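Structure assessment
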Amino acid sequence: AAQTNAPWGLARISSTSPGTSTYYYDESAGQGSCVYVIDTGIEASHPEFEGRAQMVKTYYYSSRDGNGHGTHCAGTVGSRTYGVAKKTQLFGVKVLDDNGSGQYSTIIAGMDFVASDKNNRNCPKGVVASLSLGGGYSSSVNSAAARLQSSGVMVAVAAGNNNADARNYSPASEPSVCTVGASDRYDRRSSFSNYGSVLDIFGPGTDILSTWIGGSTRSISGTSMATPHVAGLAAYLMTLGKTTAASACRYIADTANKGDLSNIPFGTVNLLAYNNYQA
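The rules behind these values
- Residues numbered from 1 in each chain as written, not as in the entry; some residues may be left out.
- Heavy atoms only, no water.
- Residues with missing side-chain atoms left out of burial classes, pairs and counts.
- Helix = DSSP H or I, 4+ residues; strand = E, 2+ residues; numbered from the N terminus.
- Expected span 1.5 Å × (residues − 1).
- Buried < 20%, exposed > 50% of the residue type's maximum accessible area, 1.4 Å probe, protein only.
- Arc of directions from axis to C-beta.
- Contact = heavy atoms within 4.5 Å.
- Pairing = 2+ DSSP bridges.
- Disulfide = S-S within 2.5 Å.
- UniProt positions renumbered as here; feature names shortened; annotations may be inferred.
- Polar contact = N/O pair within 3.5 Å; in protein donor to acceptor, adjacent residues only side chain to side chain.

Looking at the method and resolution fields of the entry, one finds X-ray crystallography and 1.05 Å.

Spelled out as structure tokens, the structure:
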């Protein structure tokens, strides 16, 4: 399948070169998979989600996304126009308030929630969790991400936006999950992207168009935007049967575009997420 005039990041993940604008992908499109977006919520009524998104949990007075961040990330996972895996099921877990903040205790509870809640959902092709969040190093936060992964969920986490080594941030620094840095449309490391040996992969993260609250759209930047590209890619590849939740990060690294990014610090992987789809 071909989506013309796609957001640059979608075109990038199906291309061996920057500078194109058509996204190519297998029509299975993540059908039968599920992606949890652990964030500020999801505006599930947005036409772009086509009834495939729902809120399943909140720790606050509402499950609605009063911020936009979670809706944007969910759109990059799975919206019809802005999403990688256009037929996946999206489940929102609101661990962040409408200012975008959350206590680590709530974030940990949300991860353990997903590890159990997947047993209440129909995801025959597999389960992914996208975590566009983080703060300073916490062994308890890392352990929660490790449990979620161990339970059979492909966990993708943002590297962080500090232009620093991600070893000092959580859950970015957890070795067993997929830690995602950000790149721009010219294949440069995004100016804010964290780096370091704990990164597994880069995805598009600068000037990413996606859904927003109020039935709208906007372009924003962050490792928060790169993470759902990888989460949606994992769901798409799991639906194709090419990998599993336990092996998808490694598979994405195996099949990535290699050595194509600029300003990658010595010791950080030079790997850009790629779907290897041959039309």
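From this point, the narrative continues.
**Structural notes on helix α4 (residues 139-150)**
A rise of 1.5 Å per residue sets the reference length of α4, with its twelve residues, at 16 Å; its end C-alpha atoms lie 16 Å apart and thus fit the reference within 8%. Taken together, the buried positions of α4 are occupied by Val141, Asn142, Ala144, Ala145, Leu148 and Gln149. Summarising the axial view, the buried residues of α4 lie within an arc of 160°, below the 170-degree limit, and thus occupy one face. As for α4, its buried residues are in contact with β3 (33-39), α3 (104-117), β6 (126-131), β8 (153-158) and β9 (169-170). Among the residues trailing α4, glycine 152 stands out with phi positive, at a value near 105°.

**Brief notes about the pairing of strand β10 (residues 178-183)**
Burial runs high along β10: six of the six residues are buried. Neither face of β10 is exposed, since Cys178, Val180 and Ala182 on one face and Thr179, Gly181 and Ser183 on the opposite face are all buried. Where β8 and β10 come together, three bridges link them in parallel fashion. Note on β10: the bridge partner recorded for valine 157 is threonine 179. Sheet topology places β10 next to strand β11 (residues 201-204); four bridges connect them, and they run parallel. Residue pairing in the sheet places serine 183 in a bridge with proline 204 of β11.

**With respect to the state of the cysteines**
Evaluation of the coordinates by the stated rule reveals two disulfides. With a sulfur-sulfur separation of 2.0 Å, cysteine 34 is cross-linked through a disulfide to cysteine 123. Negative torsions about the S-S bond denote left-handed disulfides, and the value of about -95° found for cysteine 34 with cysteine 123 makes this one left-handed. Here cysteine 34, found in strand β3, pairs with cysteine 123, found in the loop between α3 and β6; they are 89 residues apart in sequence, far enough to count as distant. Take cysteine 34 and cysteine 123: they sit in the same class, and that class is buried. Here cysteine 178 pairs with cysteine 249 through a disulfide, and the sulfurs are 2.1 Å apart. Of note, the bridge from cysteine 178 to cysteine 249 carries an S-S torsion of about 75° and is right-handed in sense. Of this pair, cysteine 178 sits in strand β10 while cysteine 249 sits in helix α6 (residues 248-254), and the two are 71 residues apart along the sequence. For the pair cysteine 178 and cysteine 249, a shared accessibility class is recorded, and that class is buried. Left without a disulfide partner, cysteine 73 is nearest to the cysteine sulfur of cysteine 178, which lies 16 Å away.

**So, the UniProt feature "active site" in the protein**
Sites flagged by UniProt as "active site" map to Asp39, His69 and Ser224. Across 186 residues, the annotated set stays spatially compact, with a maximum C-alpha separation of 10.0 Å. Of note, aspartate 39 is situated in strand β3. Residue contacts for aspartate 39: discarding those within four places in its chain leaves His69, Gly70, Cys73, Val93, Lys94, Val95, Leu96 and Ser132. Separated by 3.2 Å, the side chain of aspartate 39 and the backbone nitrogen of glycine 70 make a polar contact. Mapped onto the elements, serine 224 comes out in helix α5 (residues 223-239). The residues contacting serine 224, other than those within four sequence positions of it, are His69, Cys73, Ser132 and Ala158. In terms of polar contacts, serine 224 uses its side chain to reach the side chain of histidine 69, at 2.9 Å.

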